[PDB]
Structure formats: C-alpha cells, structure tokens
*Asks:* 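Handing you this structure, nothing more for now.
The chains referred to below are lettered A, B, ... by the order of the sequence lines, with proteins before strands, and numbering in each begins at 1.
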Amino acid sequence: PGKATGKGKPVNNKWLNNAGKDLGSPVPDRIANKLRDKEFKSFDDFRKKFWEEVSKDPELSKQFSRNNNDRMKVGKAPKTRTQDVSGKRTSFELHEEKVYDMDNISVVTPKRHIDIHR
DNA sequence: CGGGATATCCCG
DNA sequence: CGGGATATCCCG
Ligand SMILES: [Zn+2]
C-alpha cells in the first residue's frame with residue numbers, strides 16, 4: 001500500500017520505441033499528473049491504473065494498435081513487438097530502480113527487462 | 001534456493 | 001468504480 005508521486009519526463013509519439021534500450025521509457029508526465037497522490041492497495045493496482053491512463057491519453061493511445069488499446073482499457077499491458085518478447089512474457093513490463101515513485105518506474109520490454117536484472 | 005514480473009479468477 | 005487470492009513467467 002502507498003500513494004503514487006513523482007511526475008516527470010515529457011513524452012512524444014515514439015514513447016516506447018526504445019523501451020528495449022537502457023532503462024526503458026519513463027512514466028509520461030501527463031499520466032503521472034493523473035496518478036499523483038492517488039491511493040493504491042498493491043503495485044498490481046497501480047500497474048492496472050497506469051495502463052488505463054495510457055488508454056485515455058490521446059497522444060499516447062495512438063501509438064498503439066486497436067488490440068493494445070483494448071488491453072489497456074481493462075488494465076492489461078500492451079503486447080510488445082514479437083522481437084522484444086521473452087518466452088511467455090510478451091507484454092511491456094514496469095521496472096523499479098533499487099514502490100509508487102513514478103520517477104523510479106519505467107516501462108521496458110520483457111527481453112530488455114531480463115538483461116537489466118542480470 | 002529468492003527475486004522481480006504479468007494475468008486471471010471471481011466476489012452470496 | 002476494486003482488489004484479495006491465486007497461478008504462473010523467467011532468470012543461474
Ligand atoms: Zn525491473
């Protein structure tokens with residue numbers, strides 16, 4: 001349990017184009033402002049709220065296919081391009097930098113997330 | 001032999 | 001409009 005805070009880094013129309021590099025993409029600032037100070041019971045809820053926010057933000061929603069926006073409307077993470085999957089983890093994941101500190105959270109591809117941790 | 005993740009199941 | 005309980009991913 002905890003409240004989200006942070007809010008940072010502006011985003012463009014190639015938001016997740018590089019999710020597979022380095023630390024990935026950051027929490028869009030537009031999204032962070034929508035989630036800041038909100039109350040979440042588990043990180044899973046946050047993740048569920050986060051993806052819903054991405055589906056209601058027009059500038060971001062258009063960077064995804066019809067299928068992916070449907071996923072995000074109900075809180076599921078959008079699928080990554082096939083080249084970025086890792087076994088059965090096939091959707092963008094949220095990485096933490098070592099829990100609702102949105103400036104410490106970033107979006108990365110399964111494949112890239114694996115390497116970062118090892 | 002533990003740590004970091006997403007997703008579904010289902011609410012009398 | 002939620003979220004607890006539970007399943008299952010993938011790492012050496
Ligand atoms: Zn991570």
Side-chain angles (χ1 to χ4, degrees):
Chain A
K3 60 187 285 289
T5 72
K7 318 149 65 76
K9 326 293 283 313
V11 174
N12 56 170
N13 64 150
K14 287 170 197 162
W15 181 38
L16 268 48
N17 285 44
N18 290 326
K21 290 200 199 79
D22 294 35
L23 234 57
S25 312
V27 166
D29 61 0
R30 273 190 297 286
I31 273 76
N33 298 326
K34 306 285 297 178
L35 307 169
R36 185 246 276 156
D37 302 341
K38 289 247 189 189
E39 257 307 301
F40 299 107
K41 308 276 189 167
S42 68
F43 185 71
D44 278 345
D45 299 308
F46 171 79
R47 185 189 63 235
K48 204 262 230 62
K49 267 292 153 315
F50 178 90
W51 288 118
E52 269 160 4
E53 278 309 320
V54 179
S55 92
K56 311 197 285 188
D57 173 301
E59 157 62 24
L60 269 356
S61 98
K62 43 179 58 168
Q63 296 170 239
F64 297 95
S65 54
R66 168 79 196 300
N67 186 123
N68 276 331
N69 285 95
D70 283 352
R71 287 177 113 285
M72 303 177 296
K73 290 193 181 77
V74 303
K76 308 201 196 193
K79 297 285 178 185
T80 56
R81 281 176 305 175
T82 294
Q83 54 173 276
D84 295 320
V85 301
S86 176
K88 280 160 162 63
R89 292 156 73 171
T90 57
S91 81
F92 293 97
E93 312 187 343
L94 295 189
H95 164 82
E96 290 276 349
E97 270 298 77
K98 253 64 196 65
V99 318
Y100 304 110
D101 180 4
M102 300 180 276
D103 279 310
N104 293 37
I105 300 159
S106 72
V107 183
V108 296
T109 69
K111 165 175 290 182
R112 178 61 199 154
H113 204 171
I114 260 62
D115 294 347
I116 299 186
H117 281 290
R118 73 180 164 199

*Asks:* Using modelled atom types only, decide if a donor and an acceptor are shared between the side chain of A:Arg36 and the backbone of A:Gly6 within a distance under 3.5 Å.
*Replies:*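 A pair under 3.5 Å: no.
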*Asks:* Tell me whether the OP1 or OP2 atom of B:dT8 has a side-chain N or O from A:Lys76 closer than 4.0 Å.
*Replies:*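 Result: yes.
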*Asks:* Do any of residues 58-67 of chain A sit with a heavy atom less than 4.0 Å from DNA chain C, and if so which?
*Replies:*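 Result for residues 58-67 of chain A: none.
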*Asks:* Tell me whether the OP1 or OP2 atom of B:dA7 has a side-chain N or O from A:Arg71 closer than 4.0 Å.
*Replies:*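 True: A:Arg71 side-chain N/O within range (under 4.0 Å) of B:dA7 OP1/OP2.
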*Asks:* Atom CG of A:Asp44 and atom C1' of C:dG2: how far apart are they, to the nearest Å?
*Replies:*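 Value for this atom pair: 13 Å.
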*Asks:* Expressed as a whole number of angstroms, how long is the span from A:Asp115:CG to B:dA5:P?
*Replies:*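 Answer to the nearest Å: 14 Å.
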*Asks:* Report yes if the side chains of A:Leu16 and A:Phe64 come closer than 4.5 Å at any heavy-atom pair, otherwise no.
*Replies:*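 Yes. Closest side-chain heavy atoms under 4.5 Å.
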*Asks:* Under the 3.5 angstrom rule, does the side chain of A:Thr80 hit a backbone N or O of A:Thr109 as a donor-acceptor pair?
*Replies:*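 Between the backbone of A:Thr109 and the side chain of A:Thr80 there is no qualifying donor-acceptor contact (under 3.5 Å).
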*Asks:* A:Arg47 side chain N/O closer than 4.0 Å to the phosphate oxygens (OP1, OP2) of B:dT6?
*Replies:*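 Affirmative; the distance criterion is met.
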*Asks:* Please state how far atom CE in A:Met72 lies from atom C1' in B:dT6, giving the value in whole angstrom units.
*Replies:*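 The distance from CE of A:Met72 to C1' of B:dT6 comes to 16 Å, rounded to the nearest Å.
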*Asks:* Check this for me: A:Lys79, atom NZ, are more than 12 non-hydrogen atoms of other residues, nucleotides or ligands nearer than 6.0 Å?
*Replies:*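 Atom NZ in A:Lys79 is crowded, with more than 12 foreign heavy atoms closer than 6.0 Å.
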*Asks:* Thinking salt bridges, do A:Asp70 and A:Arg66 make one under a 4.0 Å N-O criterion?
*Replies:*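 Salt bridge present between A:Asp70 and A:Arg66.
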*Asks:* Can A:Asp37 and A:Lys3 be counted as an ion pair, charged N to O under 4.0 angstrom?
*Replies:*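 Yes, charged N to carboxylate O under 4.0 Å.
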*Asks:* Examine C:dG2: is either OP1 or OP2 under 4.0 Å from a nitrogen or oxygen in the side chain of A:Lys49? Give yes or no.
*Replies:*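 Answer yes for this pair, as a side-chain N or O of A:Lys49 is under 4.0 Å from OP1 or OP2.
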*Asks:* Label C:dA7 north or south, basing it on the sign of the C1'-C2'-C3'-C4' dihedral.
*Replies:*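 South, since the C1'-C2'-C3'-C4' torsion of C:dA7 has a negative sign.
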*Asks:* Check whether A:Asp57 reaches the backbone of A:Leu60 with its side chain - one donor and one acceptor, N or O, closer than 3.5 Å.
*Replies:*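 Confirmed, A:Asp57 side chain pairs with A:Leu60 backbone.
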*Asks:* Select one nucleotide: of B:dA5, C:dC10, C:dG12, the one nearest the side-chain heavy atoms of A:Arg118.
*Replies:*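 For A:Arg118, the side-chain atoms sit closest to C:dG12.
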*Asks:* Does NZ belonging to A:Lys9 count more than 12 external heavy atoms closer than 6.0 Å?
*Replies:*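 Count not over threshold, so no.
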*Asks:* Please say which of A:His113, A:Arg47, A:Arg112 ends up in a side-chain contact (heavy atoms from CB on, under 4.5 Å) with A:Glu93.
*Replies:*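 Of the listed options, the one satisfying the test is A:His113.
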*Asks:* With both distances under 3.5 angstrom, what nucleotide forms a Watson-Crick or G-U wobble pair with C:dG3?
*Replies:*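 B:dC10 - that is the nucleotide pairing with C:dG3, both distances being under 3.5 Å.
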*Asks:* Please state how far atom NZ in A:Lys73 lies from atom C1' in B:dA7, giving the value in whole angstrom units.
*Replies:*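 It is 19 Å, rounded to the nearest whole Å.
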*Asks:* Could you state the CD1-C1' distance from A:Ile114 to B:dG4, rounded to the nearest angstrom?
*Replies:*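 Going from CD1 in A:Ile114 over to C1' in B:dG4 covers 9 Å.
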*Asks:* Take the angle between the ring planes of A:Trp51 and A:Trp15 and call it parallel below 30°, perpendicular above 60°, tilted in between.
*Replies:*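 Answer is tilted, since the angle falls between 30° and 60°.
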*Asks:* What is the distance, rounded to the nearest whole Å, between atom NZ of A:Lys79 and atom P of B:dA5?
*Replies:*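 Distance, rounded to whole Å: 18 Å.
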*Asks:* A:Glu52 has an atom CD; how far is it from atom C1' of C:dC1, in whole Å?
*Replies:*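 Distance, rounded to whole Å: 10 Å.
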*Asks:* I need the NE2-P distance between A:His113 and C:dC9, as an integer number of Å.
*Replies:*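 Answer to the nearest Å: 18 Å.
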*Asks:* For DNA chain C, which residues of residues 82-96 of chain A approach it to below 4.0 angstrom with any heavy atom?
*Replies:*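 The answer is A:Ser86, A:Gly87, A:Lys88, A:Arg89.
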